[PDB]
Structure formats: C-alpha cells, structure tokens
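Novice: Pasting model24.csv here (CSV, N, CA and C atoms):
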```csv
chain,number,residue,atom,x,y,z
A,1,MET,N,-65.9,32.6,-1.0
A,1,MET,CA,-64.6,33.2,-1.4
A,1,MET,C,-63.5,32.9,-0.4
A,2,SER,N,-62.6,32.0,-0.9
A,2,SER,CA,-61.5,31.6,0.0
A,2,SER,C,-60.3,31.1,-0.9
A,3,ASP,N,-59.1,31.3,-0.4
A,3,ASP,CA,-57.9,30.9,-1.2
A,3,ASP,C,-57.9,29.4,-1.4
A,4,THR,N,-58.4,28.6,-0.4
A,4,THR,CA,-58.3,27.2,-0.5
A,4,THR,C,-59.3,26.7,-1.6
A,5,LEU,N,-58.7,25.8,-2.5
A,5,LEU,CA,-59.5,25.3,-3.6
A,5,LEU,C,-60.4,24.1,-3.1
A,6,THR,N,-61.5,24.0,-3.8
A,6,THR,CA,-62.5,23.0,-3.4
A,6,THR,C,-62.1,21.7,-4.1
A,7,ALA,N,-62.2,20.6,-3.3
A,7,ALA,CA,-61.8,19.2,-3.9
A,7,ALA,C,-62.9,18.7,-4.8
A,8,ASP,N,-64.1,19.3,-4.9
A,8,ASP,CA,-65.1,18.9,-5.8
A,8,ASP,C,-65.1,19.5,-7.2
A,9,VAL,N,-63.9,19.7,-7.7
A,9,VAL,CA,-63.8,20.3,-9.0
A,9,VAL,C,-64.4,19.4,-10.1
A,10,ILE,N,-64.5,18.1,-10.0
A,10,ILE,CA,-65.1,17.2,-10.9
A,10,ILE,C,-66.6,17.4,-10.9
A,11,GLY,N,-67.2,17.6,-12.1
A,11,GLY,CA,-68.6,17.8,-12.2
A,11,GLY,C,-69.1,19.2,-12.2
A,12,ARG,N,-68.2,20.1,-12.3
A,12,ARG,CA,-68.5,21.6,-12.4
A,12,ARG,C,-68.6,22.0,-13.9
A,13,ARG,N,-69.6,22.8,-14.1
A,13,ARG,CA,-69.9,23.4,-15.4
A,13,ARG,C,-69.0,24.6,-15.6
A,14,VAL,N,-68.1,24.6,-16.6
A,14,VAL,CA,-67.2,25.6,-16.9
A,14,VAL,C,-67.5,26.3,-18.2
A,15,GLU,N,-67.0,27.5,-18.4
A,15,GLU,CA,-67.1,28.2,-19.7
A,15,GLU,C,-65.8,28.5,-20.3
A,16,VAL,N,-65.6,28.1,-21.5
A,16,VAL,CA,-64.3,28.3,-22.2
A,16,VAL,C,-64.7,28.7,-23.7
A,17,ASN,N,-64.1,29.8,-24.1
A,17,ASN,CA,-64.3,30.4,-25.4
A,17,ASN,C,-65.8,30.6,-25.7
A,18,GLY,N,-66.5,30.9,-24.6
A,18,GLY,CA,-68.0,31.2,-24.8
A,18,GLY,C,-68.8,30.0,-24.8
A,19,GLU,N,-68.2,28.8,-24.7
A,19,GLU,CA,-69.0,27.5,-24.8
A,19,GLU,C,-69.0,26.9,-23.4
A,20,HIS,N,-70.1,26.3,-23.0
A,20,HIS,CA,-70.3,25.6,-21.7
A,20,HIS,C,-69.9,24.2,-21.9
A,21,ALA,N,-69.0,23.7,-21.0
A,21,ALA,CA,-68.5,22.3,-20.9
A,21,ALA,C,-68.6,21.8,-19.5
A,22,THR,N,-68.6,20.5,-19.5
A,22,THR,CA,-68.7,19.7,-18.2
A,22,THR,C,-67.4,19.1,-17.8
A,23,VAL,N,-66.9,19.3,-16.6
A,23,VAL,CA,-65.7,18.7,-16.2
A,23,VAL,C,-65.9,17.2,-15.8
A,24,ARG,N,-65.0,16.4,-16.3
A,24,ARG,CA,-65.1,14.9,-16.0
A,24,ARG,C,-63.9,14.4,-15.2
A,25,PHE,N,-62.8,15.1,-15.2
A,25,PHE,CA,-61.6,14.7,-14.4
A,25,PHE,C,-60.8,15.9,-13.9
A,26,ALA,N,-60.3,15.8,-12.7
A,26,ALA,CA,-59.5,16.9,-12.1
A,26,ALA,C,-58.3,16.3,-11.3
A,27,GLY,N,-57.2,16.1,-12.0
A,27,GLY,CA,-55.9,15.6,-11.4
A,27,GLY,C,-54.7,16.0,-12.3
A,28,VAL,N,-53.5,15.5,-12.0
A,28,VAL,CA,-52.3,15.8,-12.8
A,28,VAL,C,-52.2,14.7,-13.9
A,29,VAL,N,-51.5,14.9,-15.0
A,29,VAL,CA,-51.3,13.9,-16.1
A,29,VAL,C,-49.8,13.5,-16.1
A,30,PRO,N,-49.5,12.3,-16.7
A,30,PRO,CA,-48.1,11.9,-16.8
A,30,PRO,C,-47.1,12.7,-17.6
A,31,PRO,N,-47.5,13.2,-18.9
A,31,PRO,CA,-46.6,13.9,-19.8
A,31,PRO,C,-46.3,15.3,-19.3
A,32,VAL,N,-47.2,16.0,-18.7
A,32,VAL,CA,-47.1,17.4,-18.3
A,32,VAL,C,-47.2,17.5,-16.8
A,33,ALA,N,-46.5,18.4,-16.1
A,33,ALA,CA,-46.5,18.5,-14.6
A,33,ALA,C,-47.4,19.7,-14.2
A,34,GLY,N,-48.4,20.1,-15.1
A,34,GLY,CA,-49.3,21.3,-14.9
A,34,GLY,C,-50.7,20.8,-14.5
A,35,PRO,N,-51.5,21.6,-13.9
A,35,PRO,CA,-52.9,21.3,-13.6
A,35,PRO,C,-53.7,21.2,-14.9
A,36,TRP,N,-54.0,19.9,-15.4
A,36,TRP,CA,-54.7,19.7,-16.6
A,36,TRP,C,-56.1,19.1,-16.2
A,37,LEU,N,-57.2,19.7,-16.6
A,37,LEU,CA,-58.6,19.3,-16.3
A,37,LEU,C,-59.3,18.8,-17.6
A,38,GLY,N,-60.0,17.7,-17.6
A,38,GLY,CA,-60.7,17.1,-18.7
A,38,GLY,C,-62.1,17.6,-18.8
A,39,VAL,N,-62.4,18.2,-19.9
A,39,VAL,CA,-63.7,18.8,-20.1
A,39,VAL,C,-64.4,18.2,-21.4
A,40,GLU,N,-65.7,17.9,-21.3
A,40,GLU,CA,-66.5,17.5,-22.4
A,40,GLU,C,-67.4,18.7,-22.9
A,41,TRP,N,-67.3,19.0,-24.2
A,41,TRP,CA,-68.1,20.1,-24.7
A,41,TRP,C,-69.5,19.7,-25.1
A,42,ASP,N,-70.4,20.6,-25.1
A,42,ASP,CA,-71.8,20.3,-25.5
A,42,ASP,C,-71.8,20.0,-27.0
A,43,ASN,N,-71.0,20.6,-27.8
A,43,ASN,CA,-70.9,20.3,-29.3
A,43,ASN,C,-69.7,19.4,-29.5
A,44,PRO,N,-69.9,18.2,-30.0
A,44,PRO,CA,-68.7,17.3,-30.2
A,44,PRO,C,-67.7,17.8,-31.2
A,45,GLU,N,-68.1,18.8,-32.0
A,45,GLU,CA,-67.2,19.3,-33.0
A,45,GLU,C,-66.0,20.0,-32.4
A,46,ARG,N,-66.1,20.5,-31.2
A,46,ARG,CA,-65.0,21.2,-30.5
A,46,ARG,C,-64.2,20.3,-29.7
A,47,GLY,N,-64.5,19.0,-29.6
A,47,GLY,CA,-63.7,18.0,-28.9
A,47,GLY,C,-62.4,17.7,-29.7
A,48,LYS,N,-61.7,16.7,-29.1
A,48,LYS,CA,-60.5,16.3,-29.7
A,48,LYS,C,-60.3,14.7,-29.7
A,49,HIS,N,-60.6,14.1,-28.6
A,49,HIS,CA,-60.5,12.7,-28.4
A,49,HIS,C,-61.5,12.2,-27.4
A,50,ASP,N,-61.7,10.9,-27.3
A,50,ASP,CA,-62.6,10.3,-26.4
A,50,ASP,C,-62.1,10.4,-24.9
A,51,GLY,N,-60.8,10.6,-24.7
A,51,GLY,CA,-60.2,10.7,-23.4
A,51,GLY,C,-59.4,9.5,-23.0
A,52,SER,N,-59.1,8.6,-24.0
A,52,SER,CA,-58.3,7.4,-23.7
A,52,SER,C,-57.3,7.2,-24.9
A,53,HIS,N,-56.1,6.8,-24.5
A,53,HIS,CA,-55.1,6.5,-25.5
A,53,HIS,C,-54.2,5.3,-25.1
A,54,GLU,N,-53.9,4.5,-26.0
A,54,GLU,CA,-53.1,3.3,-25.8
A,54,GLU,C,-53.8,2.3,-25.0
A,55,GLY,N,-55.2,2.3,-25.0
A,55,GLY,CA,-56.0,1.4,-24.3
A,55,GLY,C,-56.3,1.7,-22.9
A,56,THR,N,-55.6,2.8,-22.3
A,56,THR,CA,-55.8,3.2,-21.0
A,56,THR,C,-56.8,4.4,-21.0
A,57,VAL,N,-57.9,4.3,-20.1
A,57,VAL,CA,-58.9,5.3,-20.0
A,57,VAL,C,-58.5,6.3,-18.9
A,58,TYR,N,-58.5,7.5,-19.2
A,58,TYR,CA,-58.2,8.6,-18.2
A,58,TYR,C,-59.5,9.2,-17.7
A,59,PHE,N,-60.4,9.6,-18.6
A,59,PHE,CA,-61.7,10.2,-18.2
A,59,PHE,C,-62.7,9.8,-19.2
A,60,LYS,N,-63.9,9.4,-18.7
A,60,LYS,CA,-64.9,8.9,-19.6
A,60,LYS,C,-65.8,10.1,-20.1
A,61,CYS,N,-66.4,9.9,-21.2
A,61,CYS,CA,-67.3,10.9,-21.8
A,61,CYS,C,-68.4,10.2,-22.6
A,62,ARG,N,-69.5,11.0,-22.9
A,62,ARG,CA,-70.6,10.4,-23.6
A,62,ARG,C,-70.4,10.4,-25.1
A,63,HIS,N,-69.5,11.2,-25.7
A,63,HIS,CA,-69.2,11.2,-27.1
A,63,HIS,C,-67.8,10.7,-27.4
A,64,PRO,N,-67.6,9.9,-28.4
A,64,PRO,CA,-66.2,9.4,-28.7
A,64,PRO,C,-65.3,10.5,-29.2
A,65,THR,N,-65.7,11.7,-29.4
A,65,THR,CA,-64.8,12.8,-29.8
A,65,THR,C,-65.3,14.2,-29.2
A,66,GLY,N,-65.5,14.2,-27.9
A,66,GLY,CA,-66.0,15.4,-27.3
A,66,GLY,C,-65.1,15.8,-26.1
A,67,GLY,N,-64.2,15.0,-25.7
A,67,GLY,CA,-63.4,15.4,-24.5
A,67,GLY,C,-62.1,16.0,-24.9
A,68,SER,N,-61.6,17.0,-24.1
A,68,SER,CA,-60.4,17.7,-24.3
A,68,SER,C,-59.8,18.0,-23.0
A,69,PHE,N,-58.5,18.6,-23.0
A,69,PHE,CA,-57.8,18.9,-21.9
A,69,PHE,C,-57.5,20.4,-21.9
A,70,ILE,N,-57.7,21.1,-20.7
A,70,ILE,CA,-57.5,22.5,-20.5
A,70,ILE,C,-56.8,22.7,-19.2
A,71,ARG,N,-56.6,24.0,-18.8
A,71,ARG,CA,-56.0,24.4,-17.5
A,71,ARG,C,-57.0,25.3,-16.8
A,72,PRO,N,-56.8,25.4,-15.5
A,72,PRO,CA,-57.7,26.3,-14.7
A,72,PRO,C,-57.7,27.7,-15.2
A,73,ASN,N,-56.7,28.2,-15.8
A,73,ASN,CA,-56.6,29.6,-16.4
A,73,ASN,C,-57.7,29.8,-17.4
A,74,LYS,N,-57.8,28.9,-18.4
A,74,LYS,CA,-58.8,29.0,-19.4
A,74,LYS,C,-60.2,28.7,-18.9
A,75,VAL,N,-60.3,28.1,-17.7
A,75,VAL,CA,-61.6,27.9,-17.1
A,75,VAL,C,-62.2,29.2,-16.5
A,76,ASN,N,-63.5,29.4,-16.6
A,76,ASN,CA,-64.2,30.5,-16.1
A,76,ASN,C,-65.5,30.0,-15.4
A,77,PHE,N,-65.3,29.8,-14.1
A,77,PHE,CA,-66.5,29.4,-13.3
A,77,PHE,C,-67.6,30.3,-13.3
A,78,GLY,N,-67.4,31.6,-13.5
A,78,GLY,CA,-68.4,32.6,-13.6
A,78,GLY,C,-68.8,33.1,-12.2
A,79,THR,N,-69.6,34.1,-12.1
A,79,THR,CA,-70.1,34.7,-10.9
A,79,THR,C,-71.3,34.0,-10.4
A,80,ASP,N,-72.1,34.6,-9.5
A,80,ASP,CA,-73.3,34.0,-8.9
A,80,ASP,C,-74.5,34.8,-9.3
A,81,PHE,N,-75.6,34.7,-8.5
A,81,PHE,CA,-76.8,35.4,-8.8
A,81,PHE,C,-76.7,36.9,-8.5
A,82,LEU,N,-76.4,37.2,-7.2
A,82,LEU,CA,-76.3,38.6,-6.8
A,82,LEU,C,-75.2,39.3,-7.5
A,83,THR,N,-74.0,38.7,-7.6
A,83,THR,CA,-72.9,39.3,-8.3
A,83,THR,C,-73.2,39.6,-9.8
A,84,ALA,N,-73.8,38.6,-10.4
A,84,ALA,CA,-74.2,38.8,-11.8
A,84,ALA,C,-75.2,40.0,-12.0
A,85,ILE,N,-76.2,40.0,-11.1
A,85,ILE,CA,-77.2,41.1,-11.1
A,85,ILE,C,-76.5,42.4,-10.9
A,86,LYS,N,-75.5,42.5,-10.0
A,86,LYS,CA,-74.8,43.7,-9.8
A,86,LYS,C,-74.0,44.2,-11.0
A,87,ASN,N,-73.3,43.2,-11.6
A,87,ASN,CA,-72.5,43.5,-12.7
A,87,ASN,C,-73.3,43.9,-14.0
A,88,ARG,N,-74.5,43.4,-14.0
A,88,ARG,CA,-75.4,43.7,-15.2
A,88,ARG,C,-76.2,45.0,-15.0
```
Please express what this file holds, its structure, as structure tokens.
Specialist:
Amino acid sequence: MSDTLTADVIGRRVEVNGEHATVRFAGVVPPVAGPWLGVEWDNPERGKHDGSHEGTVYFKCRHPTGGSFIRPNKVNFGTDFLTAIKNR
C-alpha cells in the first residue's frame, strides 16, 4: 500500500464489469490525454478491435477482436488473500 504507482502495470489481471481481462499495454494515447490501458477480455465477444488501426500496432492480442481501451477508474485490481478473507 503506497501512493506511488507500480511501473509493472502491463501483464496484470484486472476485473471490469465482473469479467476478468489481461492488460497488454500501459501508456498514453495520441487522440486522448488521459491514462488509457489496453485490456484483452477472456470472451472475444466483449472486445472491440485487434488493437491496431491504419496499419500501426499499439498493443498485440491473441484474438483479432478481443482488445479494448479503458481507464484505471474502471479497473479493479481487487484485494488480496487476508483482506478478502476478512471482508468475506
């Protein structure tokens, strides 16, 4: 628990809308000046695009229609073992 954010945001399993997704990219994007993170969903039906547009690849994924963009607010890293046991 610290105010400083970890630089290893890429590769973390996040929870959004009750679905577990995998982070593939953690940087800023050209069109928006907000923190946008690329997430691949377990079910490709919830995706949007492969993660590349105009021939330029931003973040790779295993499914041609499983990657999407979100913000840290919608991301829910969840608690840990002891904290989860205490809350349950």
Novice: If we count only C-alpha atoms, what is near range 22-27 of chain A at a cut-off of 12 Å, once residues fewer than 6 positions away on the same chain are taken out, given as a PyMOL selection string?
Specialist: chain A and resi 5-16+33-43+47+50-51+57-62+66-72+75-77
Novice: Store the residues picked out above, limited to N, CA and C atoms, as a short mmCIF file (atom, residue, chain, number, x, y, z; two decimals), keeping the file's coordinate frame.
Specialist:
```
data_model
loop_
_atom_site.label_atom_id
_atom_site.label_comp_id
_atom_site.auth_asym_id
_atom_site.auth_seq_id
_atom_site.Cartn_x
_atom_site.Cartn_y
_atom_site.Cartn_z
N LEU A 5 -58.70 25.80 -2.50
CA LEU A 5 -59.50 25.30 -3.60
C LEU A 5 -60.40 24.10 -3.10
N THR A 6 -61.50 24.00 -3.80
CA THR A 6 -62.50 23.00 -3.40
C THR A 6 -62.10 21.70 -4.10
N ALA A 7 -62.20 20.60 -3.30
CA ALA A 7 -61.80 19.20 -3.90
C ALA A 7 -62.90 18.70 -4.80
N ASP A 8 -64.10 19.30 -4.90
CA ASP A 8 -65.10 18.90 -5.80
C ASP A 8 -65.10 19.50 -7.20
N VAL A 9 -63.90 19.70 -7.70
CA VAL A 9 -63.80 20.30 -9.00
C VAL A 9 -64.40 19.40 -10.10
N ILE A 10 -64.50 18.10 -10.00
CA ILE A 10 -65.10 17.20 -10.90
C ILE A 10 -66.60 17.40 -10.90
N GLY A 11 -67.20 17.60 -12.10
CA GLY A 11 -68.60 17.80 -12.20
C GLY A 11 -69.10 19.20 -12.20
N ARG A 12 -68.20 20.10 -12.30
CA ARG A 12 -68.50 21.60 -12.40
C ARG A 12 -68.60 22.00 -13.90
N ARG A 13 -69.60 22.80 -14.10
CA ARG A 13 -69.90 23.40 -15.40
C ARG A 13 -69.00 24.60 -15.60
N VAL A 14 -68.10 24.60 -16.60
CA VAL A 14 -67.20 25.60 -16.90
C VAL A 14 -67.50 26.30 -18.20
N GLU A 15 -67.00 27.50 -18.40
CA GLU A 15 -67.10 28.20 -19.70
C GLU A 15 -65.80 28.50 -20.30
N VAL A 16 -65.60 28.10 -21.50
CA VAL A 16 -64.30 28.30 -22.20
C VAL A 16 -64.70 28.70 -23.70
N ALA A 33 -46.50 18.40 -16.10
CA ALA A 33 -46.50 18.50 -14.60
C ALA A 33 -47.40 19.70 -14.20
N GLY A 34 -48.40 20.10 -15.10
CA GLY A 34 -49.30 21.30 -14.90
C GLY A 34 -50.70 20.80 -14.50
N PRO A 35 -51.50 21.60 -13.90
CA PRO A 35 -52.90 21.30 -13.60
C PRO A 35 -53.70 21.20 -14.90
N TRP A 36 -54.00 19.90 -15.40
CA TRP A 36 -54.70 19.70 -16.60
C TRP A 36 -56.10 19.10 -16.20
N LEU A 37 -57.20 19.70 -16.60
CA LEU A 37 -58.60 19.30 -16.30
C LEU A 37 -59.30 18.80 -17.60
N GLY A 38 -60.00 17.70 -17.60
CA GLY A 38 -60.70 17.10 -18.70
C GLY A 38 -62.10 17.60 -18.80
N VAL A 39 -62.40 18.20 -19.90
CA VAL A 39 -63.70 18.80 -20.10
C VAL A 39 -64.40 18.20 -21.40
N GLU A 40 -65.70 17.90 -21.30
CA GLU A 40 -66.50 17.50 -22.40
C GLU A 40 -67.40 18.70 -22.90
N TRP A 41 -67.30 19.00 -24.20
CA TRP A 41 -68.10 20.10 -24.70
C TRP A 41 -69.50 19.70 -25.10
N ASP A 42 -70.40 20.60 -25.10
CA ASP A 42 -71.80 20.30 -25.50
C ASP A 42 -71.80 20.00 -27.00
N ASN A 43 -71.00 20.60 -27.80
CA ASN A 43 -70.90 20.30 -29.30
C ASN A 43 -69.70 19.40 -29.50
N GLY A 47 -64.50 19.00 -29.60
CA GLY A 47 -63.70 18.00 -28.90
C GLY A 47 -62.40 17.70 -29.70
N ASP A 50 -61.70 10.90 -27.30
CA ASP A 50 -62.60 10.30 -26.40
C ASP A 50 -62.10 10.40 -24.90
N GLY A 51 -60.80 10.60 -24.70
CA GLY A 51 -60.20 10.70 -23.40
C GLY A 51 -59.40 9.50 -23.00
N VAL A 57 -57.90 4.30 -20.10
CA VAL A 57 -58.90 5.30 -20.00
C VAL A 57 -58.50 6.30 -18.90
N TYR A 58 -58.50 7.50 -19.20
CA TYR A 58 -58.20 8.60 -18.20
C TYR A 58 -59.50 9.20 -17.70
N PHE A 59 -60.40 9.60 -18.60
CA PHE A 59 -61.70 10.20 -18.20
C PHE A 59 -62.70 9.80 -19.20
N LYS A 60 -63.90 9.40 -18.70
CA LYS A 60 -64.90 8.90 -19.60
C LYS A 60 -65.80 10.10 -20.10
N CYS A 61 -66.40 9.90 -21.20
CA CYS A 61 -67.30 10.90 -21.80
C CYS A 61 -68.40 10.20 -22.60
N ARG A 62 -69.50 11.00 -22.90
CA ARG A 62 -70.60 10.40 -23.60
C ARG A 62 -70.40 10.40 -25.10
N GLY A 66 -65.50 14.20 -27.90
CA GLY A 66 -66.00 15.40 -27.30
C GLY A 66 -65.10 15.80 -26.10
N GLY A 67 -64.20 15.00 -25.70
CA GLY A 67 -63.40 15.40 -24.50
C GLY A 67 -62.10 16.00 -24.90
N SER A 68 -61.60 17.00 -24.10
CA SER A 68 -60.40 17.70 -24.30
C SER A 68 -59.80 18.00 -23.00
N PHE A 69 -58.50 18.60 -23.00
CA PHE A 69 -57.80 18.90 -21.90
C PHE A 69 -57.50 20.40 -21.90
N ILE A 70 -57.70 21.10 -20.70
CA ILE A 70 -57.50 22.50 -20.50
C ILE A 70 -56.80 22.70 -19.20
N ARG A 71 -56.60 24.00 -18.80
CA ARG A 71 -56.00 24.40 -17.50
C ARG A 71 -57.00 25.30 -16.80
N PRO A 72 -56.80 25.40 -15.50
CA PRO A 72 -57.70 26.30 -14.70
C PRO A 72 -57.70 27.70 -15.20
N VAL A 75 -60.30 28.10 -17.70
CA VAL A 75 -61.60 27.90 -17.10
C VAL A 75 -62.20 29.20 -16.50
N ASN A 76 -63.50 29.40 -16.60
CA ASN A 76 -64.20 30.50 -16.10
C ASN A 76 -65.50 30.00 -15.40
N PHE A 77 -65.30 29.80 -14.10
CA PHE A 77 -66.50 29.40 -13.30
C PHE A 77 -67.60 30.30 -13.30
#
```
Novice: Report, in Å to a single decimal, how far apart CA of residue 17 in chain A and CA of residue 53 in chain A are.
Specialist: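 Taking CA of residue 53 in chain A as the start and CA of residue 17 in chain A as the end point, the length is 25.6 Å.
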Novice: In Å, how far is it from CA of residue 87 in chain A to atom C of residue 18 in chain A?
Specialist: 18.5 Å
Novice: As a PyMOL selection string, which residues of chain A does DSSP assign to strand (DSSP E)?
Specialist: chain A and resi 13-16+19-28+35-41+52-53+56-57+67-70
Novice: Smallest atom-to-atom distance to residue 45 in chain A: which of A:65, A:21, A:3, A:88, using all atoms listed in the file?
Specialist: A:65
Novice: Find the distance between CA of residue 64 in chain A and CA of residue 44 in chain A and write it in Å to one decimal.
Specialist: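 About the pair CA of residue 64 in chain A and CA of residue 44 in chain A: they are 8.4 Å apart.
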Novice: Using all atoms listed in the file, which of A:49, A:2, A:32, A:20 sits nearest residue 63 in chain A?
Specialist: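 So, comparing all the options, the nearest one is A:49.
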Novice: With N, CA, C and O atoms as the goal, would you fill in the gaps in range 31-49 of chain A and present it as a short mmCIF file (atom, residue, chain, number, x, y, z; two decimals), in the frame of the given file?
Specialist:
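Written out: part.cif:
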```
data_model
loop_
_atom_site.label_atom_id
_atom_site.label_comp_id
_atom_site.auth_asym_id
_atom_site.auth_seq_id
_atom_site.Cartn_x
_atom_site.Cartn_y
_atom_site.Cartn_z
N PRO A 31 -47.50 13.20 -18.90
CA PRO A 31 -46.60 13.90 -19.80
C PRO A 31 -46.30 15.30 -19.30
O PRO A 31 -45.15 15.77 -19.54
N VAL A 32 -47.20 16.00 -18.70
CA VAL A 32 -47.10 17.40 -18.30
C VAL A 32 -47.20 17.50 -16.80
O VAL A 32 -48.03 16.70 -16.22
N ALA A 33 -46.50 18.40 -16.10
CA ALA A 33 -46.50 18.50 -14.60
C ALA A 33 -47.40 19.70 -14.20
O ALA A 33 -47.24 20.26 -13.13
N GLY A 34 -48.40 20.10 -15.10
CA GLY A 34 -49.30 21.30 -14.90
C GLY A 34 -50.70 20.80 -14.50
O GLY A 34 -51.02 19.67 -14.91
N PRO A 35 -51.50 21.60 -13.90
CA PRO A 35 -52.90 21.30 -13.60
C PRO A 35 -53.70 21.20 -14.90
O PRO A 35 -54.11 22.20 -15.38
N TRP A 36 -54.00 19.90 -15.40
CA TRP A 36 -54.70 19.70 -16.60
C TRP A 36 -56.10 19.10 -16.20
O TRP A 36 -56.10 18.04 -15.60
N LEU A 37 -57.20 19.70 -16.60
CA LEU A 37 -58.60 19.30 -16.30
C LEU A 37 -59.30 18.80 -17.60
O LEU A 37 -59.16 19.50 -18.62
N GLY A 38 -60.00 17.70 -17.60
CA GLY A 38 -60.70 17.10 -18.70
C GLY A 38 -62.10 17.60 -18.80
O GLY A 38 -62.84 17.57 -17.81
N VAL A 39 -62.40 18.20 -19.90
CA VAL A 39 -63.70 18.80 -20.10
C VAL A 39 -64.40 18.20 -21.40
O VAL A 39 -63.73 18.09 -22.44
N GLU A 40 -65.70 17.90 -21.30
CA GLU A 40 -66.50 17.50 -22.40
C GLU A 40 -67.40 18.70 -22.90
O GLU A 40 -68.07 19.27 -22.07
N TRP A 41 -67.30 19.00 -24.20
CA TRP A 41 -68.10 20.10 -24.70
C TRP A 41 -69.50 19.70 -25.10
O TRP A 41 -69.73 18.49 -25.34
N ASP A 42 -70.40 20.60 -25.10
CA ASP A 42 -71.80 20.30 -25.50
C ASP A 42 -71.80 20.00 -27.00
O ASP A 42 -72.55 19.04 -27.39
N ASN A 43 -71.00 20.60 -27.80
CA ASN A 43 -70.90 20.30 -29.30
C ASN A 43 -69.70 19.40 -29.50
O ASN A 43 -68.59 19.87 -29.25
N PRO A 44 -69.90 18.20 -30.00
CA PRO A 44 -68.70 17.30 -30.20
C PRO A 44 -67.70 17.80 -31.20
O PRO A 44 -66.62 17.28 -31.28
N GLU A 45 -68.10 18.80 -32.00
CA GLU A 45 -67.20 19.30 -33.00
C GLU A 45 -66.00 20.00 -32.40
O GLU A 45 -64.90 20.05 -33.01
N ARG A 46 -66.10 20.50 -31.20
CA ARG A 46 -65.00 21.20 -30.50
C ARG A 46 -64.20 20.30 -29.70
O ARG A 46 -63.12 20.70 -29.19
N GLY A 47 -64.50 19.00 -29.60
CA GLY A 47 -63.70 18.00 -28.90
C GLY A 47 -62.40 17.70 -29.70
O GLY A 47 -62.03 18.35 -30.64
N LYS A 48 -61.70 16.70 -29.10
CA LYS A 48 -60.50 16.30 -29.70
C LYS A 48 -60.30 14.70 -29.70
O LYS A 48 -60.05 14.13 -30.74
N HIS A 49 -60.60 14.10 -28.60
CA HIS A 49 -60.50 12.70 -28.40
C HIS A 49 -61.50 12.20 -27.40
O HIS A 49 -62.07 13.01 -26.65
#
```
